[PDB]
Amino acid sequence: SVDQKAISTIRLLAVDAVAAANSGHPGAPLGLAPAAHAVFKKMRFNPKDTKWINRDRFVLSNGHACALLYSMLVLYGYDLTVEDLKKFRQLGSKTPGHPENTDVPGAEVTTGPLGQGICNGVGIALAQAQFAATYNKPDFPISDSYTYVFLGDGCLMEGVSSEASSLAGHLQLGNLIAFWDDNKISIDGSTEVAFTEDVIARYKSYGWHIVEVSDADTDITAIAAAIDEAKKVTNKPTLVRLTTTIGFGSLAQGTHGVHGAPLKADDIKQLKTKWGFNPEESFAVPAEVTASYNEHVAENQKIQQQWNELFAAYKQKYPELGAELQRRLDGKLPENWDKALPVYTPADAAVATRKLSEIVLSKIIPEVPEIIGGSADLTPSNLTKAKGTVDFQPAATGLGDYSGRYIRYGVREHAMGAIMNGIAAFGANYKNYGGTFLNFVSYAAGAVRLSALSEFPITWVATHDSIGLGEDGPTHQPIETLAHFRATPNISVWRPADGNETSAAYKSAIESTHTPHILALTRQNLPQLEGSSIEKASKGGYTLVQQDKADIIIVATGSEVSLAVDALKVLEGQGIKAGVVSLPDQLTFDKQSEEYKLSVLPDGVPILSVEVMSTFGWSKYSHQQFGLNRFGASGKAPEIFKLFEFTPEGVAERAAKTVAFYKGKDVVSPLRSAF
């Protein structure tokens, strides 16, 4: 039949791509081609408009299987061709060895690190539910799309997927439909060696609906029926068990050897002849398959055409909501939204930056509807919920509504990070955030790194940033954490010192379109600084205290800026004149012009950094570094600062030693380099 021919075409495109690269993963593509065919036939999408907001989304969580995804995208006439398939896994191609949303049209998210994609799918589905609750009206189903996810045994073993699956079940996300590739093979062989749990029973325990397809190597009728069944269960996410043979059709089917290396040439020949293809030909695309797939595209395009007319009629019936929706689909924040950001003067009281963050959120959430966010069971500690908002919960629980704006993630940092990526991936200008203690952002590193690689404007509200948290002690006190994330490409790591800097950090985080943000915030109160402003802090680094005859410049962040200012006064009594630089975000600073940066960190003066965590990275900006390169302690925070000599006198002593060390030396800016 044409459907059988399409499935064979998909299988053989994937195998031929792996063969051409002499690299990659043929097994899961062979096993999942029937399901991919069936799911894409049910999906609504436009290959010529990858951003249609009411499209169904597809996520390949088992991202190593991407020859399958690329084959689907090629067959459906996305901006990806057979010539791109021939360049699978080749430097610079549009067909990288794992899918990247920045590079691959029709890749919603970046997968490959196992477990991430299913969590991203939870976030896409969460966003869709929130979006539909916000905009849909009687006779106006603006948003009614589904989220389809493929995942394998590896994703099911990774703890992040358990976190997200527990939460998705709690949230009753009925438009999420996931498909488990139940092939009983991973890299180490049979799943009997390490993965003998009853997956189905576990998913029932989370509140998911289950459909089992016992012959998913052939039974596309049953796969389609499973989708129809899942769509009828509106208050539970569904897991469809696809019992498949890894490498179906290969001489090596059902073995670990077919997972992750090219097939033998003779194996590819017998695949082709068994399925009616020419064993001498590669990258075959039968015209009847193209015709069948084109019919579905044309139908989908007529659906989008009608949606566009629905949207026009919505703008007439609901003028304010329609304009808001239009603005969001245009990627624009509300005009002058930033006028809501709080501004402070040096006469205002000291405030912890976690509390300044609460105040910002309280002002901007009512003004910017596309802001939603939550906390990983730290709401009263991170201060992430604006008073008067409702939680995102299914109304059936009585605990919230899908129109709500605040997410109770539970103690699930890693899934929170990956769900945030999915909310961003949904689109519609969502600017979403997640709170935890800074030290436990590290639990979510797998997802955080993908925020950076995927260029998603997500925000971590990362409170209790240092030994300043006090008594909880060294298991809670960051040392390495900022260095880790600053060393990752494309992460803005804001460590604001005061009220104006906190507003600048949020301006950056909310305006972002391509860069994730981590906001490192204090437990403890900090003074409002003389010389701070949103304008200056928006440059990432700025001269807080200018001293034309400086003997030294002290560069600091966060809680250590006030310390530097107090040290400047001690130094004055020692006959040493200091300037102070505040560096609330190193990435933003790095992006400023060379001349601006040199105005902050000039030649001809020693520069000392002060930050109560690792000294890694700080030599970019300083000649000498005063940091904390050992674990912390359990005690009252001021006593810990004293123990480690993070006091005005301790900073002044090191500043004086720095001045002495450079006596008789020629000093150039740390910004200078040989290449």
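Quick note: we count residues from 1 along the sequence shown, nothing fancier. Throughout, rigid core stands for the largest set of C-alpha atoms superposing within 1.5 Å between the two forms.
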Open item on the list: Please tell me which region, 252-260 or 383-391, has C-alphas lying farther from the displayed form on average in 7 other deposited structures of this protein, with superposition done on the core.
Closed with: 383-391
TODO: Would you say which of 165-173 and 373-381 moves more relative to the shown form in 7 other deposited structures of this protein, going by RMS C-alpha distance with the core superposed?
DONE: 373-381
Open item on the list: If you average the CA temperature factors as listed in the entry, which stretch comes out higher, 68-76 or 318-326?
Closed with: 318-326
- [ ] Averaging only over Cα atoms, indicate whether 659-667 or 19-27 has the higher B-factor in the PDB entry.
- [x] 659-667
- [ ] Among the candidates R523, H170, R202, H414, give the one with the maximum CA B-factor reported in the record.
- [x] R523
Task: Identity of residue with top Cα B-factor, from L383, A349, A483, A444 - done: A349
Task: Record-listed C-alpha B factor of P369: chain third - done: highest
TODO: Could you look up the Cα B-factor of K620 in the entry and say which third of the chain it sits in: lowest, middle or highest?
DONE: middle
- [ ] Can you work out whether the C-alpha temperature factor of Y433 puts it in the lowest, middle or highest third of the chain?
- [x] lowest
TODO: Compare the C-alpha B factor of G63 with those of the other modelled residues in its chain, then answer lowest, middle or highest third.
DONE: lowest
Open item on the list: Could you place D465 in the lowest, middle or highest third of its chain by Cα temperature factor, using the values in the record?
Closed with: lowest
